[PDB]
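So here's one chain in two forms, each on its own in structure tokens, numbered structure 1 and structure 2.
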Structure 1
């Protein structure tokens, strides 16, 4: 018979296969330990294993994914008595940002491509137009919705990656933190009728994992 009647572990979703994720039967706290097929949670015996049947330590056998599954009920049997180990997956930083709005493409987890829009009158000063209004507003968030603790959450950096015509940096500046768009110089429609830019949103923590969107800017009368 078992000392507690149920047990609990957490595992970061990035934990490599082969890592030992629970040792709590060691130290008088639990004899041959083996994992049972759990009818109520079929995939748990595929995801976790006890390689050394005498110590009862549990090793991760398949790669986890917070987006697919966050809780496992692992039935462990001893030689007879069973117990349930509940294993909660902790969300890890394996995804980058997404721009909003994100309308999912049917039968995917991918956002439908997005082209933000702006329109600038010709021959008017930065002074009269700034900030330039983008529709919908430029806005990105982490696809990782439940990183803990909150101090581990990255910020997002916005930028203009590339664009046509190639002299766009002369006319536009994007704020790296707010995505606010600034005209730097009046535009003459005799020389520029439209700009087509690619905007980037990335994480500031050394793991950019960037998302991209379009920004089309019309130049009016």
Structure 2
């Protein structure tokens, strides 16, 4: 018997449940062969990839459909090589390469991340007794920014947006003075500040995915009110 292509390829999102049929590429005589309906397919141990035959399974020898037996993880292993035996009841093998696709199992992280990430506290300073027109937008060091820890969601159209907010802060009148744009994390002064009533603000900034699976990250934001001096 003789496989019809030199190689076969398949892709699988890591969120794919066990039980799912993940390859059907032998359908329509595309497997190994006048076809007789007597060629049966089996998965084999691969010295090069010992886990591969534990992870994939062929329930129906005649059909050759590969089903997923164990969960996958894009963040751990991204490529498998499955050896498929094809015997006639009247042997050859081929190699299926299964690539794992990145699924949405992680939320954002604030930048810069320095290894996981150390606690990040952003810095901003506000001169007292000046108008918002003079100061806006407030410069933050380093610039507030978060990215999805899922580094390779495909296509990009599937990628979630990121929403930024102020979860909490002290003193608690921060919302009088500060607004954060949900989509740009831009920070605006709303009113002038007098240092004799307000010296500093410690806020917790939140980044969440906008796709119903928030998985939020958090980061500090320390704002000093600078003395007119």
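What we label the rigid core is the largest C-alpha set whose atoms superpose within 1.5 Å from one form to the other. Residue numbers count along the first chain shown, from 1.
On a rigid core superposition, would residue 176 pass a 2 Å threshold for CA movement between structures 1 and 2?
Moves: no, less than 2 Å.
On a core-based superposition, does residue 16 travel 2 Å or more at its Cα between structures 1 and 2?
Shift of 2 Å or more: yes.
In degrees, what is the turn of the smaller rigid part relative to the larger one between structures 1 and 2?
Rotation of the smaller segment between structures 1 and 2 is 14 degrees.
Once the rigid core is superposed, tell me how far the Cα of residue 48 moves between structures 1 and 2, in Å to one decimal.
With the rigid core fitted, the alpha carbon of residue 48 is displaced 3.0 Å between structures 1 and 2.
State the core-superposed CA shift for residue 57 between structures 1 and 2, in Å to one decimal.
Comparing the two forms, residue 57 shifts 4.7 Å at C-alpha.
Where the rigid core has been superposed, how far does the Cα of residue 87 end up moving between structures 1 and 2, given in Å?
Residue 87 is displaced by 1.5 Å at its C-alpha.
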